[PDB]
Amino acid sequence: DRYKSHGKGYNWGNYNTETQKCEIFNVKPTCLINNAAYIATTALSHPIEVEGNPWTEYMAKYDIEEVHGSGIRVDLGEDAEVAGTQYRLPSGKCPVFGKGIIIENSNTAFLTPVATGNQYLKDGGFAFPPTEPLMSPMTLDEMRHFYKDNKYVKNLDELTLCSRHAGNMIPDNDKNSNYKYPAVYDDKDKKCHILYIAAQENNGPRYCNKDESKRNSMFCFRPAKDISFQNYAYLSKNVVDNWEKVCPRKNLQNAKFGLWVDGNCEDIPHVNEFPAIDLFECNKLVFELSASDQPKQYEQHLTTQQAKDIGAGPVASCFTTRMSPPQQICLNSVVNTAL
């Protein structure tokens, strides 16, 4: 459990729109200060959208350690036993708005299906390859029809439903049904993408290769809030069904995070200042600095299972469903062995 952040990190920022300063800090805020120059943001928040302690109830959703409970930039907060081997999995309770993965020196978008059949590893992305019946990608309307006879899921919010759908595929080696894949929901196309690869960062020169001529070598990649990801939500298996009320999403206009002390909201007494031209660029920096469950580079050298420690998952070609009716679903083609 050495790598788990449990949500601790530089998760919050006060963006001064007039001085173009992103004031980043790593303690939970406990009140808000009215100030027309400011917008209050968190690493989980959408990067653009804006809206004896009397603040306790209102500020609960900014207590990231309590309401999310895991990393943000890299979320690998739980372990799942499969056939005697313990794999790392995303486990945060809130959706991460605007997060995606950039594959370095690559044309491949990360929601492209993982390489299968005759494809080289670097030709494919992170998403589930086609299955029969087709499980991913699936649109919202398709998901509600798929689950139309399941009372407990059919009416879930679209993000919670995408999370539960991604969790509806049990690898056939996983007899205790512990392993649940993460997912990305694209609000533009209203599509749920189950992610076959649960890793989110691989940047060590000893463990990845950025050369495009070595197309079966492991590629390098990192999480980011790129402008092209603004409609995505990165979702672990644990996304809660009431995230809309308990998790952050919109940024707070005309508001500065503060700390409640002796009946008054005081300024955060020490912040780390980064320049940022607009709110999106501040949110991107807060995310870059936020809680991470990634092993530090020196820790990846000291382990004998570097791939597992960054989230490498089990080899699975056929699956069974968790929710009724029980059915078997197989990939149309097996994933590239290089994985």
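The sequence shown begins at 1131 in the working numbering and counts up by one. All C-beta atoms in this analysis are idealised placements derived from N, C-alpha and C, irrespective of residue type, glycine included.
- By the Cβ neighbour-count rule, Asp1131 is exposed, with fewer than 16 other Cβ atoms within 10 Å of its own.
- Taking a cut-off of 8 Å for Cβ pairs, the stretch 1392 to 1405 and the stretch 1154 to 1164 touch, as three or more such pairs fall below it.
- For secondary structure counted as the alpha helix (DSSP H) over 4 or more consecutive residues, the stretch 1394 to 1431 holds these complete runs in sequence order: 1409 to 1418.
- By the CB criterion at 8 Å, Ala1210 and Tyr1309 fall inside the cutoff.
- Taking C-beta atoms as the reference points, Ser1422 and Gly1139 count as a pair closer than 8 Å.
- A check of alpha carbon separations from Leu1270 across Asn1248, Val1244 and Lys1321 identifies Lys1321 as the nearest.
- With contacts defined by Cβ atoms closer than 8 Å, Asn1285 and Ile1202 do not form a contacting pair.
- Around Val1416, the same chain offers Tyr1140, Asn1141, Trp1142, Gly1143, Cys1152, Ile1154, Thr1171, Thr1172 and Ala1173 as residues with beta carbons nearer than 8 Å, after the five sequence neighbours per side are excluded.
- Going by DSSP, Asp1316 is part of the beta strand (DSSP E) stretching over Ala1313 to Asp1316.
- Here DSSP, grouped into helix, strand and coil, assigns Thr1451 to coil.
- Cα atoms of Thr1451 and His1295: separation of roughly 10 Å, rounded to the nearest angstrom.
- Taking the Cα positions, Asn1248 is about 31 Å away from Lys1367.
- DSSP places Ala1296 within a helical segment (H, G or I) once states are collapsed to three.
- Counting the other CB atoms within 10 Å of its CB gives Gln1427 a total below 16, which places it among the exposed residues.
- DSSP links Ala1210 through a beta bridge to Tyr1217.
- Here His1323 is bridged, per DSSP, to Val1314.
- Residue pairing by DSSP places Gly1230 opposite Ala1354 in a beta bridge.
- Considering only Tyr1282, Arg1352 and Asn1280, the residue with the shortest C-alpha distance to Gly1255 is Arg1352.
- For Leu1409, the CB contacts under 6 Å within the same chain, skipping 5 residues up- and downstream, are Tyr1145 and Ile1169 in chain order.
- For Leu1389, the enclosing beta strand (DSSP E) covers residues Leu1382 to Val1391.
- If you compare the alpha carbons of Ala1257, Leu1291, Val1204 and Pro1260 with that of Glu1272, the shortest gap goes to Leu1291.
- Counting along the chain, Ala1363 sits inside the beta strand (DSSP E) bounded by residues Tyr1362 to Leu1365.
- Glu1148 has its alpha-carbon roughly 43 Å from the corresponding atom of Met1268.
- The C-alpha of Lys1380 lies about 5 Å from the C-alpha of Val1180.
- Comparing alpha-carbon positions, the option among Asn1303, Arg1345 and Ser1266 lying closest to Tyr1326 turns out to be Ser1266.
- In this structure the stretch 1295 to 1307 lies against the stretch 1442 to 1451, because at least three pairs of beta carbons, one per stretch, are closer than 8 Å.
- When the five nearest sequence neighbours on each side are left out, the beta carbons in the same chain lying within less than 8 Å of the beta carbon of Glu1429 are those of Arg1132, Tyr1133 and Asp1439, in order along the chain.
- Leaving aside the five residues that flank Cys1338 on each side, the residues in its chain whose CB is nearer than 7 Å to its CB run, in chain order, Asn1332, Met1348, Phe1349 and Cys1350.
- In the three-state reduction of the DSSP assignment, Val1197 falls in the helix class.
- As a beta-bridge residue in DSSP terms, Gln1458 pairs with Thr1450.
- A straight-line Cα-Cα distance of about 29 Å links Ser1463 and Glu1288.
- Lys1438: member of the alpha helix (DSSP H) spanning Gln1436 to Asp1439, first to last residue.
- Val1204 has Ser1422 as its beta-bridge partners, per DSSP.
- Closest in C-alpha terms to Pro1335, from the list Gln1457, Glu1234 and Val1369, comes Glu1234.
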